[PDB]
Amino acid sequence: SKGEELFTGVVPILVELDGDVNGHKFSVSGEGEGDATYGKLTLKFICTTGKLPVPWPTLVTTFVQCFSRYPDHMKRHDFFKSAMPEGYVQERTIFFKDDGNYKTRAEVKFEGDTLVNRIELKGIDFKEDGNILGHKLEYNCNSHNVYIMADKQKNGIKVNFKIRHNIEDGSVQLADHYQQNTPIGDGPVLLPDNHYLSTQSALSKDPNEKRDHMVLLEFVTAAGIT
């Protein structure tokens, strides 16, 4: 795989998002690096427009699966790296149970030696006093399985998973994710057999940062094929 070679070392990452949730407009810029050899991501995000109008955890999945660690025996199933450097379009609808939904369109590609994730996010039908606009979600992330299947129809993949956000009262806010990825370039890509990615994420704060922000440490490994 041509794209695979671009990830053998540490790669700088830039994330830029413009969002509008129930008319609340905001922007976020993130910076960090990824080391796919260890399925590792380290990033810091800053809301550049002021206060983030939704809870930071709800944006984690939106903020580069090309950094997932694919075991050597599963290398032929790594769609994400195969689309590089030209990149891929990643689209999602995220349904927050008993609340609104986010629709996102992103382009993930290299700009020079930097992997960039540019995203537009639109959220509608949120409840003013719900868990999202009401900021009732804990500042943490549970671990999940991300299910991947080929989508020959579009020379891409279809992805689905259920994120469970912890609510401060002890309950859980489900966020059902439906995702599609298609290559931007014309080069061939790897269409995978069914498998999944196992994720884990840790959120923290920079003690010296006064802007609204999020520090993220994440590990992701592909699995499901012997």
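Numbering starts at 1 and runs along the sequence shown.
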When you step from residue 63 to residue 64 in this entry, do you jump over none, 1 to 3, 4 to 9, or 10 or more residues of the deposited sequence that have no coordinates?
1 to 3
State which stretch shows the higher mean Cα B factor in the entry: 96-104 or 144-152.
144-152
So 215-223 or 4-12, which one's hotter by mean CA B-factor in the entry?
4-12
Just grab whichever of 174, 189, 41, 47 has the top CA B-factor as deposited.
189
In this PDB entry, which of 183, 30, 170, 57 has the top CA B-factor?
183
For residue 36, does the deposited CA B-factor place it in the lowest, middle or highest third of the chain?
lowest
State the tercile, meaning the lowest, middle or highest third, of residue 133 with respect to the CA B-factors recorded for its chain.
highest
Mind checking which third residue 179 falls in for C-alpha B-factor across the chain?
middle
Assigned third (lowest, middle, highest) for the C-alpha B factor of residue 22:
lowest
With respect to C-alpha B-factor, does residue 165 fall in the lowest, middle or highest third of the chain as deposited?
lowest
